[PDB]
Amino acid sequence: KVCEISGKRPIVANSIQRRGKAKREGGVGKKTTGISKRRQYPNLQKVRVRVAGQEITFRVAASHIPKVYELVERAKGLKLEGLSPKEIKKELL
Amino acid sequence: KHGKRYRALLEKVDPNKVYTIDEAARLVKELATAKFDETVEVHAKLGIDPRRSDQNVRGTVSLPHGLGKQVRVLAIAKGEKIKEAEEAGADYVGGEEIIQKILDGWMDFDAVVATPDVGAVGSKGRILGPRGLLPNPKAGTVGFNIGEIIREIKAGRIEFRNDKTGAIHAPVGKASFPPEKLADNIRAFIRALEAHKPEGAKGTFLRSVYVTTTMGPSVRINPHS
Amino acid sequence: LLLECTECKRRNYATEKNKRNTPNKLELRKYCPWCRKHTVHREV
RNA sequence: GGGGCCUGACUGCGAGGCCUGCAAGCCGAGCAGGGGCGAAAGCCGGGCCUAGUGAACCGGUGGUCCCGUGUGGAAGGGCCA
RNA sequence: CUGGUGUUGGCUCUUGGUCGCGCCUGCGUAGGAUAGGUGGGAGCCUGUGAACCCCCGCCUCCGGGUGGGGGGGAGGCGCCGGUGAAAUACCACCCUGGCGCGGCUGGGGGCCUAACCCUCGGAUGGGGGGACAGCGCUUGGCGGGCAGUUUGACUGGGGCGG
RNA sequence: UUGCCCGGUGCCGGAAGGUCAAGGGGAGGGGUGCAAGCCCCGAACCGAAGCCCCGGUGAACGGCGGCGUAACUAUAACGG
RNA sequence: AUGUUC
RNA sequence: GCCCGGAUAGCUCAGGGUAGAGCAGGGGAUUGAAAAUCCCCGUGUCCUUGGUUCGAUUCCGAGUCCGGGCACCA
Ligand SMILES: [Mg+2]
Ligand SMILES: [Mg+2]
Ligand SMILES: [Mg+2]
Ligand SMILES: [Mg+2]
Ligand SMILES: [Mg+2]
Ligand SMILES: [Mg+2]
Ligand SMILES: [Mg+2]
Ligand SMILES: [Mg+2]
């Protein structure tokens with residue numbers, strides 16, 4: 001599925017199977033022996049984090065994991081409360 | 001595990017120090033402390049696959065200043081050659097019939113030469129061969145100019161021939177030459193090796209080279225010097 | 001067995017063949033080279 | 001069938017033709033370059049002849065008057081083998 | 001399924017593989033017998049303590065190699081000779097195959113808790129697993145479970161044969 | 001009651017060996033710069049599962065086809 | 001340890 | 001194509017100077033005889049090619065035919 005910070009989502013990618021010897025080498029060259037739809041997912045991972053009273057957890061891409069911590073800090077200026085980790089979350093940017 | 005007499009020489013070499021073809025030539029005659037005129041041996045570990053029989057440093061080299069030795073040459077030849085060889089320098093010649101006198105039991109010669117048209121010598125050879133004395137073309141000892149060969153042999157023209165370990169060795173004089181006269185003989189030897197480098201060989205050719213005596217310790221040295 | 005003929009030191013070409021067991025060991029042969037005219041030629 | 005020198009089992013072409021749906025296959029005098037044998041006339045562009053073969057495409061290697069993505073090179077092609 | 005890598009962090013333990021480096025190591029038969037290769041070699045060792053008994057240590061083809069050491073108190077070894085394809089002292093250059101310290105590159109464990117995962121009469125917490133598992137990207141494999149397809153023409157029908 | 005045969009196939013096991021991917025590694029080589037450099041090629045060698053290999057496995061896939069010999073003949077408990 | 005027959 | 005391995009008597013297989021056991025035939029030996037058992041025979045291009053060597057089936061390098069694994073085939 002989807003990075004809550006970066007918006008990365010799975011994408012369609014063909015997978016190409018080739019045989020043969022590259023022309024760069026001995027040669028004649030590569031022949032494609034099959035091309036198939038498949039998807040590539042992002043590397044989503046769970047990140048729990050303290051913030052205010054409530055805990056709150058993010059589904060986020062490995063690449064953007066720091067950006068979570070970079071949010072938590074920059075939300076020390078916000079006025080944060082209510083048993084609503086829900087709300088805390090939308091309040092993060 | 002070593003002579004009182006030998007351990008008194010270990011003091012006079014530095015293991016690590018590499019010497020120079022005259023530091024070593026000076027140094028050598030005062031490592032010849034054994035009760036006779038020691039021979040001065042040169043030893044190269046080579047950079048050949050010793051297995052690749054074609055990367056095989058076999059040759060001879062004529063040594064100026066000769067060997068200081070006294071090589072008793074047996075010849076084998078028919079018609080005319082016979083005497084162009086009886087004189088030329090040989091000590092027993094000829095001439096076909098003596099292979100029966102190689103009953104054997106008779107080995108009192110240090111080197112053997114022959115004229116190509118005896119072939120028939122090489123058969124009977126089994127006793128002459130593994131002792132390294134069997135006339136070859138390869139290194140040394142067969143030709144129709146049999147006197148021309150008997151001669152230079154006597155002016156110590158040495159065979160040399162790498163072994164199954166990639167090492168090679170040669171007598172290059174006596175510990176009683178001037179040092180200027182070894183040093184030169186040493187230089188005449190490497191020069192022969194260097195020009196029997198199998199063209200087709202990885203690594204540096206003369207990885208190591210040492211100088212030493214019968215009964216002495218060695219000197220790790222620098223060829224070219 | 002098939003085979004080239006090279007003007008001596010360099011290029012050029014003509015190409016024949018020998019029967020390898022029977023008389024082959026290095027094919028030597030007088031032949032005209034297009035480039036700079038008339039020469040030996042070894043095999044390759 | 002035997003012997004001596006050789007390497008024309010040449011490069012550049014090729015008048016004219018045999019065969020023939022195409023494509024292919026076949027024979028070839030003669031000219032030039034440089035050569036071989038022969039005293040010379042001349043003969044020699046493989047084999048007495050008719051089977052011993054395989055379009056293109058894609059690649060490989062050796063050359064080389066060629067193109068080289070602003071320019072010089074280079075990559076990579078081309079052309080000849 | 002499997003390597004690599006992300007999520008993935010903390011300590012160890014001890015393993016291959018390869019190089020310096022040291023120690024060692026070498027056994028067909030024949031033959032004094034344990035003959036690694038090639039030089040060199042006629043002399044080498046010995047009050048810097050031979051022969052010969054002992055005992056310590058590695059190595060062992062259980063024969064002995066090899067290092068030291070006691071005791072002993074003056075000869076031993078090599079050339080020679082037998083055998084053998086090849087000789088034996090002594091000297092040198094040579095991983096040939098181990099071991100031991102180390103570098104450099106892999107491998108497998110163990111312990112930890114804090115990521116992850118499970119769980120606890122709801123828990124900021126407790127317990128269990130634990131950097132494994134799960135999951136992302138990449139490698140190669142297995143893979144009629146599934147898919148798309150190919151499976152020639154001649155021919156007294158076609159097939160079989162040719 | 002359910003025999004014989006574990007060669008081949010499958011499954012189970014197996015840290016001798018063979019081969020095998022990304023990746024690591026860079027002996028050595030190249031293109032270009034006036035050069036610092038910037039870009040490539042690339043040899044040893046290290047590198048999983050797999051397959052090969054070794055062992056097992058039959059109520060796993062399977063396989064169990066074929067000269068001599070006895071009171072004549074025939075056959076063949078018996079051998080090959 | 002085994003080791004048949006007339 | 002790359003890396004590994006194999007090729008030795010009729011078959012099945014062992015192994016730098018030298019070619020072997022085994023099976024089957026034949027002599028012997030053992031037994032009072034017969035079996036079992038023991039001994040001795042005769043058998044090779046050591047795949048082919050060039051190298052190294054005084055010598056090669058053995059070591060080297062190539063090649064062919066097989067086997068294993070991996071490339072791939074215009
Ligand atoms: Mg990142
Ligand atoms: Mg025409
Ligand atoms: Mg096409
Ligand atoms: Mg093309
Ligand atoms: Mg340009
Ligand atoms: Mg895959
Ligand atoms: Mg189907
Ligand atoms: Mg089995």
# chains A, B, ... in the order shown; residues from 1 in each chain; ligands from 1
call {"tool": "residues_near_ligand", "arguments": {"ligand": "ligand 3", "cutoff": "10 Å", "atoms": "only C-alpha atoms (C1' of nucleotides) and all ligand atoms", "output": "ChimeraX atom specification"}}
result
/D:56-58
call {"tool": "write_last_selection", "arguments": {"atoms": "C-alpha atoms (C1' of nucleotides)", "output": "PDB file, in the first residue's frame"}}
result
ATOM      1  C1'   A D  56      19.264 -13.264 -46.175  1.00  0.00           C
ATOM      2  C1'   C D  57      19.214 -11.748 -41.073  1.00  0.00           C
ATOM      3  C1'   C D  58      22.336 -11.347 -36.270  1.00  0.00           C
TER       4        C D  58
END
call {"tool": "interface_residues", "arguments": {"of": "chain B", "to": "chain H", "cutoff": "7 Å", "atoms": "only C-alpha atoms (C1' of nucleotides)", "output": "count of residues only"}}
result
8
call {"tool": "residues_near_ligand", "arguments": {"ligand": "ligand 7", "cutoff": "10 Å", "atoms": "only C-alpha atoms (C1' of nucleotides) and all ligand atoms", "output": "PyMOL selection string"}}
result
chain E and resi 144+146-149
call {"tool": "atom_distance", "arguments": {"atom1": "CA of residue 153 (chain B)", "atom2": "CA of residue 123 (chain B)"}}
result
24.0 Å
call {"tool": "select_by_dssp", "arguments": {"residues": "region 2-43 of chain C", "states": "strand (DSSP E)", "output": "number ranges by chain"}}
result
C: 2-3, 5-6, 16-17, 42-43
call {"tool": "residues_around", "arguments": {"residues": "residue 73 (chain E)", "least_positions_apart": "4", "cutoff": "10 Å", "atoms": "only C-alpha atoms (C1' of nucleotides)", "output": "number ranges by chain"}}
result
E: 47, 49-50
call {"tool": "interface_residues", "arguments": {"of": "chain E", "to": "chain B", "cutoff": "8 Å", "atoms": "only C-alpha atoms (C1' of nucleotides)", "output": "list in words"}}
result
residues 37, 38, 39, 40, 41, 43, 45, 48, 85, 86, 90, 91, 92, 93 and 94 of chain E
call {"tool": "interface_residues", "arguments": {"of": "chain A", "to": "chain E", "cutoff": "10 Å", "atoms": "only C-alpha atoms (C1' of nucleotides)", "output": "PyMOL selection string"}}
result
chain A and resi 40-48+53-55+61-63+65
call {"tool": "residues_near_ligand", "arguments": {"ligand": "ligand 5", "cutoff": "9 Å", "atoms": "only C-alpha atoms (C1' of nucleotides) and all ligand atoms", "output": "PyMOL selection string"}}
result
chain D and resi 68-74
call {"tool": "write_last_selection", "arguments": {"atoms": "N, CA and C atoms (P, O5', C5', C4', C3', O3' and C1' of nucleotides)", "output": "PDB file, in the first residue's frame"}}
result
ATOM      1  P     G D  68      30.611  13.222 -39.731  1.00  0.00           P
ATOM      2  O5'   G D  68      30.537  12.406 -38.367  1.00  0.00           O
ATOM      3  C5'   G D  68      29.251  12.261 -37.722  1.00  0.00           C
ATOM      4  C4'   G D  68      29.334  11.421 -36.473  1.00  0.00           C
ATOM      5  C3'   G D  68      29.961  12.136 -35.283  1.00  0.00           C
ATOM      6  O3'   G D  68      29.305  11.816 -34.075  1.00  0.00           O
ATOM      7  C1'   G D  68      31.163  10.150 -35.761  1.00  0.00           C
ATOM      8  P     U D  69      28.737  12.962 -33.156  1.00  0.00           P
ATOM      9  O5'   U D  69      27.549  13.552 -34.039  1.00  0.00           O
ATOM     10  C5'   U D  69      27.272  14.965 -34.092  1.00  0.00           C
ATOM     11  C4'   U D  69      26.026  15.341 -33.318  1.00  0.00           C
ATOM     12  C3'   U D  69      26.061  15.149 -31.810  1.00  0.00           C
ATOM     13  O3'   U D  69      25.135  16.059 -31.216  1.00  0.00           O
ATOM     14  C1'   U D  69      24.505  13.639 -32.750  1.00  0.00           C
ATOM     15  P     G D  70      25.642  17.254 -30.268  1.00  0.00           P
ATOM     16  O5'   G D  70      26.396  18.198 -31.307  1.00  0.00           O
ATOM     17  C5'   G D  70      25.655  19.161 -32.101  1.00  0.00           C
ATOM     18  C4'   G D  70      26.459  20.420 -32.380  1.00  0.00           C
ATOM     19  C3'   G D  70      27.971  20.260 -32.527  1.00  0.00           C
ATOM     20  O3'   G D  70      28.276  20.106 -33.905  1.00  0.00           O
ATOM     21  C1'   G D  70      27.500  21.907 -30.895  1.00  0.00           C
ATOM     22  P     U D  71      29.326  19.008 -34.373  1.00  0.00           P
ATOM     23  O5'   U D  71      30.718  19.597 -33.856  1.00  0.00           O
ATOM     24  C5'   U D  71      31.271  20.839 -34.367  1.00  0.00           C
ATOM     25  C4'   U D  71      32.618  21.168 -33.741  1.00  0.00           C
ATOM     26  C3'   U D  71      33.567  19.999 -33.538  1.00  0.00           C
ATOM     27  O3'   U D  71      34.333  19.842 -34.707  1.00  0.00           O
ATOM     28  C1'   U D  71      33.390  21.208 -31.529  1.00  0.00           C
ATOM     29  P     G D  72      34.682  18.392 -35.201  1.00  0.00           P
ATOM     30  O5'   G D  72      35.920  17.999 -34.272  1.00  0.00           O
ATOM     31  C5'   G D  72      37.081  18.859 -34.206  1.00  0.00           C
ATOM     32  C4'   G D  72      38.052  18.390 -33.150  1.00  0.00           C
ATOM     33  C3'   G D  72      38.280  16.893 -33.074  1.00  0.00           C
ATOM     34  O3'   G D  72      39.304  16.477 -33.965  1.00  0.00           O
ATOM     35  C1'   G D  72      37.798  17.707 -30.920  1.00  0.00           C
ATOM     36  P     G D  73      39.130  15.100 -34.723  1.00  0.00           P
ATOM     37  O5'   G D  73      38.665  14.143 -33.532  1.00  0.00           O
ATOM     38  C5'   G D  73      39.224  12.834 -33.303  1.00  0.00           C
ATOM     39  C4'   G D  73      39.356  12.563 -31.818  1.00  0.00           C
ATOM     40  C3'   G D  73      38.848  11.221 -31.334  1.00  0.00           C
ATOM     41  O3'   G D  73      39.706  10.150 -31.691  1.00  0.00           O
ATOM     42  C1'   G D  73      38.152  12.877 -29.833  1.00  0.00           C
ATOM     43  P     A D  74      39.077   8.780 -32.241  1.00  0.00           P
ATOM     44  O5'   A D  74      38.187   8.287 -31.017  1.00  0.00           O
ATOM     45  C5'   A D  74      38.820   7.812 -29.826  1.00  0.00           C
ATOM     46  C4'   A D  74      37.791   7.519 -28.767  1.00  0.00           C
ATOM     47  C3'   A D  74      36.680   6.535 -29.123  1.00  0.00           C
ATOM     48  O3'   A D  74      37.051   5.164 -28.982  1.00  0.00           O
ATOM     49  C1'   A D  74      35.723   8.430 -28.134  1.00  0.00           C
TER      50        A D  74
END
call {"tool": "select_by_dssp", "arguments": {"residues": "region 51-222 of chain B", "states": "helix (DSSP H, G or I)", "output": "ChimeraX atom specification"}}
result
/B:83-86,98-101,120-123,146-154,179-194
call {"tool": "write_last_selection", "arguments": {"atoms": "C-alpha atoms", "output": "PDB file, in the first residue's frame"}}
result
ATOM      1  CA  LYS B  83      91.113 -37.565 -33.528  1.00  0.00           C
ATOM      2  CA  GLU B  84      89.832 -33.993 -34.192  1.00  0.00           C
ATOM      3  CA  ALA B  85      88.814 -34.616 -30.598  1.00  0.00           C
ATOM      4  CA  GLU B  86      91.525 -36.948 -29.273  1.00  0.00           C
ATOM      5  CA  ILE B  98      83.524 -48.339 -25.483  1.00  0.00           C
ATOM      6  CA  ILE B  99      79.793 -48.703 -24.743  1.00  0.00           C
ATOM      7  CA  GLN B 100      80.687 -52.357 -24.026  1.00  0.00           C
ATOM      8  CA  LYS B 101      83.407 -50.940 -21.716  1.00  0.00           C
ATOM      9  CA  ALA B 120      72.962 -45.551 -31.527  1.00  0.00           C
ATOM     10  CA  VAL B 121      74.752 -44.305 -28.377  1.00  0.00           C
ATOM     11  CA  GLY B 122      71.422 -43.021 -26.974  1.00  0.00           C
ATOM     12  CA  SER B 123      69.844 -46.504 -26.921  1.00  0.00           C
ATOM     13  CA  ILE B 146      83.038 -31.987 -31.498  1.00  0.00           C
ATOM     14  CA  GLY B 147      86.441 -30.356 -30.806  1.00  0.00           C
ATOM     15  CA  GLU B 148      84.829 -26.888 -30.786  1.00  0.00           C
ATOM     16  CA  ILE B 149      82.623 -28.309 -28.004  1.00  0.00           C
ATOM     17  CA  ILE B 150      85.281 -30.332 -26.174  1.00  0.00           C
ATOM     18  CA  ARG B 151      87.245 -27.100 -26.031  1.00  0.00           C
ATOM     19  CA  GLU B 152      84.711 -24.695 -24.499  1.00  0.00           C
ATOM     20  CA  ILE B 153      83.563 -27.436 -22.081  1.00  0.00           C
ATOM     21  CA  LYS B 154      87.105 -27.407 -20.716  1.00  0.00           C
ATOM     22  CA  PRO B 179      86.449 -11.452  -6.349  1.00  0.00           C
ATOM     23  CA  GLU B 180      86.549  -9.442  -9.574  1.00  0.00           C
ATOM     24  CA  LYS B 181      86.608 -12.748 -11.446  1.00  0.00           C
ATOM     25  CA  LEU B 182      83.645 -14.354  -9.694  1.00  0.00           C
ATOM     26  CA  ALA B 183      81.523 -11.167  -9.774  1.00  0.00           C
ATOM     27  CA  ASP B 184      82.100 -11.235 -13.537  1.00  0.00           C
ATOM     28  CA  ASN B 185      81.285 -14.980 -13.799  1.00  0.00           C
ATOM     29  CA  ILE B 186      78.170 -14.360 -11.699  1.00  0.00           C
ATOM     30  CA  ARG B 187      77.171 -11.557 -14.172  1.00  0.00           C
ATOM     31  CA  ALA B 188      77.864 -13.905 -17.104  1.00  0.00           C
ATOM     32  CA  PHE B 189      75.421 -16.389 -15.555  1.00  0.00           C
ATOM     33  CA  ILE B 190      72.388 -14.203 -14.914  1.00  0.00           C
ATOM     34  CA  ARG B 191      72.866 -12.741 -18.423  1.00  0.00           C
ATOM     35  CA  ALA B 192      72.444 -16.323 -19.719  1.00  0.00           C
ATOM     36  CA  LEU B 193      69.398 -16.906 -17.544  1.00  0.00           C
ATOM     37  CA  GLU B 194      67.879 -13.576 -18.495  1.00  0.00           C
TER      38      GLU B 194
END
call {"tool": "residues_around", "arguments": {"residues": "residue 25 (chain A)", "least_positions_apart": "6", "cutoff": "12 Å", "atoms": "only C-alpha atoms (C1' of nucleotides)", "output": "PyMOL selection string"}}
result
(chain D and resi 59-60) or (chain F and resi 41)
